[PDB]
Amino acid sequence: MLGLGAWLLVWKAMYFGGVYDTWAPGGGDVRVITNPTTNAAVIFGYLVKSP
Amino acid sequence: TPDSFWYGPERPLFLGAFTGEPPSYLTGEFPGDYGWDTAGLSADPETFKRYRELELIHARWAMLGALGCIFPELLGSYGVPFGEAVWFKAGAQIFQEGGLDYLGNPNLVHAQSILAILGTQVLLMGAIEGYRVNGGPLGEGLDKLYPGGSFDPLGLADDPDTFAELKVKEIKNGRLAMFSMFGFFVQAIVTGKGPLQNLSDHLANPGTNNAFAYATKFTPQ
Amino acid sequence: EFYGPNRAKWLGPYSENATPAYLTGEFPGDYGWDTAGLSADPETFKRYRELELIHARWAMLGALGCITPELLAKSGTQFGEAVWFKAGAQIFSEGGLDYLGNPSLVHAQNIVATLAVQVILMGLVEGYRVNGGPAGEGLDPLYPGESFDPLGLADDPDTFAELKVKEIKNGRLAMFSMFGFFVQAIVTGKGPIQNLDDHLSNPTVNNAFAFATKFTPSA
Amino acid sequence: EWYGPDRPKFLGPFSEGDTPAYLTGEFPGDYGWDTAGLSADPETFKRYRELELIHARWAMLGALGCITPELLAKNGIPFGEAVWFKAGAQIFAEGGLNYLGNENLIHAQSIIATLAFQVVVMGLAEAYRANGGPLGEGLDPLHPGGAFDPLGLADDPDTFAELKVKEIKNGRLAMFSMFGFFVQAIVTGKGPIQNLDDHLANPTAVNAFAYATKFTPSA
Amino acid sequence: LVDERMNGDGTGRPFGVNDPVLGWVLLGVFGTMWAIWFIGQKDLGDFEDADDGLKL
Amino acid sequence: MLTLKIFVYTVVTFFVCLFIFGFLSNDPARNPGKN
Amino acid sequence: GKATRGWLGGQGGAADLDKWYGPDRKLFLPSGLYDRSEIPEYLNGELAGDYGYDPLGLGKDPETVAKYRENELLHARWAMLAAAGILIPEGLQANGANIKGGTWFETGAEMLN
Ligand code: CHL
Ligand code: CHL
Ligand code: CHL
Ligand code: CHL
Ligand SMILES: CCCCCCCCCCCCCCCCCC(=O)OC[C@H](CO[C@@H]1O[C@H](CO[C@H]2O[C@H](CO)[C@H](O)[C@H](O)[C@H]2O)[C@H](O)[C@H](O)[C@H]1O)OC(=O)CCCCCCCCCCCCCCCCC
Ligand code: CLA
Ligand code: CLA
Ligand SMILES: CC1=C[C@H](O)CC(C)(C)[C@H]1/C=C/C(C)=C/C=C/C(C)=C/C=C/C=C(C)/C=C/C=C(C)/C=C/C1=C(C)C[C@H](O)CC1(C)C
């Protein structure tokens, strides 16, 4: 139920208009995320990083 | 035979619930009996014994082979200055000019002659495979494939239930390696790289570094 | 014939003494040929018949399946790939994999999803064949019966013991022919109907001896 | 010696601790090496002796015919490229395939003639080897004698039982040497006498380990 | 470059390891303490059972 | 300083592993209560 | 007679008839809104689709209900083909298979003269 609930944010960012991306060029803007970074070495690098 | 979950009629089977009943000669008292002899190579009990030393020695070489092929390759990626870290390119280290320096260290073994390596391999491997058949100073009349005694120094195969349990672990760790050491051969003919170099590329992009990117490699041309 | 002593045999008339004892002639396709002596054990000889028939039935679907995407190319129907061995690599194509020249068909795109559905579907039907399934449990492992024979052809057991001999002889022809298709494509590189047209063009010059010096050691 | 339970064996002193009970010493060539257990069935072990002996006889014919066109090549006999693993392509030369060097010899151009002649000759001849026929019928399938022993050598049954062991030992290393010749042609790509000339030129440098890195997979 | 340093505080290297000897130090100490625990598991009760915890 | 950093990692992961493999060793039955 | 086998597991046959028939069976409301005394007595668990759902008392006795089963079952089976008959040509119209009139309501207008 919260595995599926995580996908709603994923589907809304790749299909349903996207989300507000404040790193857009020339001020922040809503961008549809097309190429999500899914590399395990990139994703799991945050978890075992020092705080 | 006790209730040991691996020996006897309640043993697990190689297709799960869809197996039904094993063959009539695989009655479940030997290690790793999941009841898979569909082609029936071993219906003769004289012949069925002959595949079990044929399987277990293949296991006891492949488990050394699975660790042995990656462990110099793994340390080679962390700065140990090997000649070659890749297992199928490490045999040709005798032809380079520095000789086969063990661990990449010139003050170790420093082998030069490929004939001298092979000349002393046969004179030793003949004797100890000769001792494995019979005789030898470490035990005269013992089992052909669980000798024990001087080949179990730490004494951890004494209880007949634990020792019957660890035989199941030996063959399953073995059959994991023989299947995997078969994998090293095919994904070195196909991919041409070291086996962890195949692994570190599949972790890079799993959708595109799978085996289907090499599917059109052997097109008839 | 095809059963008992005076059946047909693998050397014809010159075959009365090479026939072993255990190949009596009450099984289908029993021409009495065990030159390698492999089936002297009836517990083992039962198992190879399980393997031979299944290899026979997959080859009959393998023979016709490797032919019809090339015969329909001769009727001008565009496929993207009509050769049987180059046929699998067109899920990597830009249009993907359409079942004929129709992008309104299956329109396959992802190889890994096509394989993963196969592992569940073929994995469960091959398990039904062993132990049992929805279409029956306690049946003959090779000639199960009623849900796979709806048309009632497995009646009048003299006909039924004769249709088996039709099945294996057509089947052994297919396994032999499929061993053709691999070799004639791994040597030439072209399709079977295309290599049939190459031979019917000029038979004296287009044979395997035209490729006989191919695999020589060039060292 | 050579028979009974005191024959020499395939590991010598170590061999007595594991020898199969179904191997006794009643057949020629028993050195007690069936560690894979393939011939435990006495019916299959009847067949594997027949497969072994025929393979040896084509090997003894084979191994002698692979080097006689090369020893004559160094004794000044005019051949057209007499090296055994590429002498089959001599029929596509423009002069046919003359036997020694001479056109008034065999002079064969159409291989379709010499092929279809062979399969009819070898068809009946191999059929007569199993069933019998014009050179005797009721004879031993391995050693018929009579029509194939004209010179009376298969008498004195204490000598005939030792010429079998000379028949199979001479036969076995011929099988081991044709498995030689195959691989030494695949890897190197030259005749075995040319290999034997090159090993004697420098045995330390020119041996098989010079070709050890040939099949490394470049990808 | 008046001196030599780690230069590894803002780098965000995983677990703080930068030399691969540290990974073997992280793992080799872990496997040894695991090995002593796994052997000595024979004394800690055998709860291979349907339900055998500190239940209530 | 690398010689010191490889020593702290041996010290910490020794005591961290006595912790983790200590509580696994049937600590909830190391009580004076009876049943 | 038909010794069969279950799909996933190792036992075939009926899963449970008591889940759908008899007194204890699924209803159009759960137990807290609708006990077993509010069941109309011409609906007992002996036909399929018996969820007891009948607020408007159209049926009276099971003989009258049985001829509406003829109206229920026949309206069902003609509708089940219609759902495939409507959706399937429209998707093939959408992907590229030229039906020229795959959409269901204006199908007859495509074939007039
Ligand atoms: C134990 C089995 C064994 C295997 C599988 C190999 C395999 C190899 N050796 Mg090696 N060796 C083995 C033992 C020994 N070698 C050597 C000495 C050398 C040298 C000097 C060289 C090699 C080289 C090679 C490689 C050839 C490249 C290749 O095949 O392409 C890729 C294809 C594959 C890896 C598939 C191979 C699988 C194999 C054909 C099937 C496995 C079953 C075998 C038939 C079993 C063989 C055991 C037999 C002899 C009892 C290859 C990995 C060459 C090399 O280094 O390559 C760059 C080389 O120069 N070996 C010695 C000391 C005498 C050995 C001792 O037993
Ligand atoms: C009396 C004549 C007669 C003869 C000689 C044979 C002979 C044969 N029948 Mg039989 N039959 C005969 C009558 C009859 N057969 C049958 C029904 C059958 C069946 C159903 C079958 C046979 C089969 C066989 C074959 C079994 C042995 C084999 O496989 O050889 C194989 C070995 C060779 C032929 C020799 C090697 C091949 C080649 C000639 C050598 C040439 C080398 C190459 C040019 C290059 C080499 C490649 C290198 C370079 C890599 C053999 C060809 C079996 C078969 O078809 O096997 C495929 C089989 O299934 N027969 C009937 C109907 C009752 C007959 C009626 O009279
Ligand atoms: C007392 C010592 C003694 C030893 C060690 C042997 C050993 C052997 N004899 Mg025996 N014999 C011995 C005494 C005697 N033999 C005989 C008579 C015979 C005969 C007639 C025969 C044998 C054969 C054999 C072989 C059978 C085992 C085998 O198949 O090896 C399998 C295991 C290996 C070969 C291990 C591999 C070793 C090598 C280092 C491999 C190198 C690896 C490669 C470099 C790389 C791999 C390549 C990759 C790339 C694919 C074996 C070499 C048989 C034979 O010749 O088979 C060929 C055979 O026919 N012997 C007599 C006269 C009575 C003996 C006197 O005592
Ligand atoms: C990833 C890209 C992809 C897309 C966009 C499609 C879409 C399509 N597939 Mg294909 N497929 C795709 C890949 C694959 N398909 C299949 C296996 C099948 C089968 C068995 C069938 C299709 C069918 C269809 C067509 C629907 C026909 C219709 O009009 O609706 C009629 C159907 C409905 C109105 C109900 C279904 C609605 C929906 C369109 C689902 C159909 C699509 C696929 C089942 C998978 C879903 C893909 C996603 C990305 C849309 C349509 C072209 C159907 C067909 O061939 O009809 C001619 C069909 O029977 N596909 C596999 C192997 C698992 C694929 C993997 O790459
Ligand atoms: C930059 C990168 C840096 C990387 C740093 C590395 C970080 C790694 C983080 C890992 C964190 C995991 C921590 C939790 C582990 C929990 C283990 C556990 O609860 O464990 C509980 C289970 C218990 O297992 C069971 O233990 C039982 C014990 O029985 C025994 O005891 C019973 C009663 O106790 C009976 O008496 C019985 O007779 C007797 O045999 C049986 O053996 C069962 O078969 C068996 O399943 O253990 C198991 O399954 C364990 C299964 C997993 C094991 C993992 C091992 C990993 C090793 C990695 C390589 C190390 C190399 C070491 C080299 C050493 C030398 C240098
Ligand atoms: C089936 C087993 C097997 C086989 C055949 C091989 C085969 C090989 N390995 Mg591998 N290996 C294996 C398993 C195997 N490996 C396993 C399981 C491990 C993990 C421990 C390793 C780890 C390993 C390393 C780390 C290296 C090899 C290397 C090699 C190659 C040469 C071996 C050598 O130099 O021996 C010589 C080794 C010995 C004779 C034993 C070790 C002796 C050391 C030097 C200590 C010396 C003893 C003492 C102090 C000195 C004697 C007294 C003196 C002063 C008089 C060869 C390709 C080398 C290579 O280049 O491959 C890439 C290499 O560097 N192997
Ligand atoms: C945590 C949630 C939860 C759980 C575990 C239960 C469990 C149960 N309820 Mg209770 N109930 C709930 C929520 C829950 N209910 C809510 C929110 C309501 C208000 C509508 C009710 C009202 C209710 C009544 C009035 C009755 C029950 C009854 C029952 C019993 C099962 C019979 C039945 O099918 O339910 C009946 C209820 C339904 C069938 C409601 C439909 C459920 C829909 C179809 C599922 C939608 C799931 C969807 C993913 C959620 C959307 C996501 C998000 C909003 C969370 C069972 C004890 C019955 C009982 O105990 O008998 C005495 C009964 O009479 N429930
Ligand atoms: C009898 C006897 C006797 C004596 O004693 C001994 C001896 C001699 C040994 C024996 C013999 C034997 C033999 C000859 C065998 C053979 C077999 C075979 C060949 C099989 C095949 C078999 C074959 C087979 C199955 C095949 C199959 C196939 C298939 C499915 C296919 C598929 C496909 C298709 C559709 C198309 C696409 O695009 C692709 C693919 C995928 C490609």
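*Asks:* How would you summarise unusual backbone geometry if you had to cite specific residues and measurements?
*Replies:* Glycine aside, residues mostly have negative phi, and peptide bonds are mostly found in the trans state. Here the phi dihedral of C:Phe2 falls at roughly 65°; this positive angle occurs in a residue that is not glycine. Structurally, C:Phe2 is set in the segment before α1 (42–74). Residue classification places C:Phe2 among the partly exposed residues on the basis of a relative accessible area of 28%. Non-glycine residue D:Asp156 carries a positive phi angle of around 55°. By the element assignment, D:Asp156 lies in the loop between α3 (111–131) and α4 (160–187).

*Asks:* Tell me about the coordination of the magnesium atom of ligand 2, residues and numbers included.
*Replies:* What the protein offers the magnesium atom of ligand 2 as a donor is a single atom, C:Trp10 (O), at 2.1 Å. Within the secondary structure, C:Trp10 is located in the segment before α1.

*Asks:* Quick one: what's the story with the site of ligand 6, residue by residue and with numbers?
*Replies:* All names here are of chain B. Around ligand 6, the structure places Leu 64, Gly 68, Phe 71, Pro 72, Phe 82, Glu 84, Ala 90, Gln 93, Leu 100, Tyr 102 and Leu 103. Contact between ligand 6 and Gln 93: an oxygen atom at 3.0 Å from a side-chain N or O atom of the residue. Taken together, the residues that form the shell around ligand 6 break down as 8 nonpolar, 2 polar and 1 charged.

*Asks:* Describe in detail the site of ligand 2, supporting the description with residues and values.
*Replies:* Looking at ligand 2, the residues that line it are C:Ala8, C:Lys9, C:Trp10, C:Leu11, C:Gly12, C:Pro13, C:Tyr31, C:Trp33 and D:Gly123. More than one chain reaches ligand 2: the nearby residues come from chains C and D. Residues of the shell around ligand 2, tallied by class, amount to 6 nonpolar, 2 polar and 1 charged.

*Asks:* Hey, could you go over the interface of chain B and chain D for me, with residue numbers and the actual values?
*Replies:* Each partner contributes to the interface: chain B provides 23 residues, whereas chain D provides 23 residues. Interface area, chain B with chain D, both sides summed: about 1700 Å², of which 64% is carbon and sulfur. Sorting the residues of chain B by area buried against chain D places B:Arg50, B:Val133 and B:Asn134 first, and these three jointly supply 31% of that buried surface. Joining chain B to chain D, the criterion identifies 1 salt bridge. For D:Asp18, the salt bridge goes to B:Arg50, with nearest N and O atoms at 3.4 Å. Seen at the junction of chain B and chain D, the total is 3 residue pairs in polar contact.

*Asks:* So what about the UniProt feature "binding site: chlorophyll b 7" (unreviewed entry) in chain B? Which residues, and what values?
*Replies:* Residue and element names in this part refer to chain B. UniProt's entry tags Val 109, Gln 112 and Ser 113 with the feature "binding site: chlorophyll b 7" (unreviewed entry), counted in the numbering of this structure. Topologically, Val 109 is positioned in the loop between α1 (45–76) and α2 (114–133). Take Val 109: its relative accessible area is 60%, and that puts it in the exposed class. Residue placement: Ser 113 occurs in the loop between α1 and α2. For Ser 113, the side chain forms a polar contact with the main-chain nitrogen of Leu 115, separated by 3.3 Å.

*Asks:* Could you give an account of the UniProt feature "transmembrane region" in chain E, with specific residues and numbers?
*Replies:* Here the UniProt feature "transmembrane region" sits at residues 20–40 of chain E. Each end of residues 20–40 of chain E is marked by a C-alpha atom, and these two atoms are 31 Å apart; helix forms 95% of the span and strand 0%.

*Asks:* So what's going on with the packing of aromatic side chains? Residues and values would help.
*Replies:* As enumerated under the stated definition, the model contains 31 aromatic pairs over all chains in all. Residues G:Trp20 and G:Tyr51 carry aromatic rings whose centres are separated by 6.4 Å and whose planes lie at 25° to one another, so their mutual orientation is stacked. Pair noted here: G:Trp20 is in the segment before α1 (62–95) and G:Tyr51 is in the segment before α1, with a separation of 31 residues, a long-range link. By relative accessible area, which is 39% here, G:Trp20 ends up partly exposed. Between the NZ or CZ atom of D:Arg49 and the centre of the ring of D:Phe27, over which it lies, the distance is 3.6 Å.

*Asks:* Lay out the side chain of C:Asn195 with the relevant residues and their values.
*Replies:* All names here are of chain C. Relative to the assigned elements, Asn 195 resides in helix α4 (residues 192–201). For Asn 195, a relative accessible area of 15% translates into the label buried. Beyond its immediate stretch of four places on either side in the chain, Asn 195 contacts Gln 184, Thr 188 and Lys 190.

How each quantity is defined
- Residues numbered from 1 in each chain as written, not as in the entry; some residues may be left out.
- Chains lettered and ligands numbered in written order.
- Part of a larger assembly, values for the part shown.
- Heavy atoms only, no water.
- Helix = DSSP H or I, 4+ residues; strand = E, 2+ residues; numbered from the N terminus.
- Buried < 20%, exposed > 50% of the residue type's maximum accessible area, 1.4 Å probe, protein only.
- Donors = N, O, S within 2.8 Å, 3.2 Å for Na, K, Ca; no water.
- Near = heavy atom within 4 Å.
- Polar contact = N/O pair within 3.5 Å; in protein donor to acceptor, adjacent residues only side chain to side chain.
- Nonpolar A, V, L, I, M, F, W, Y, C, P; charged D, E, K, R; others polar.
- Contact = heavy atoms within 4.5 Å.
- Buried area = accessible area lost by both parts, 1.4 Å probe.
- Salt bridge = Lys/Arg side-chain N within 4 Å of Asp/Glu carboxyl O.
- UniProt positions renumbered as here; feature names shortened; annotations may be inferred.
- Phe/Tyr/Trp six-rings, centres within 6.5 Å; stacked < 30°, edge-to-face > 60°.
- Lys NZ or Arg CZ within 6 Å of the ring centre and 35° of its normal.

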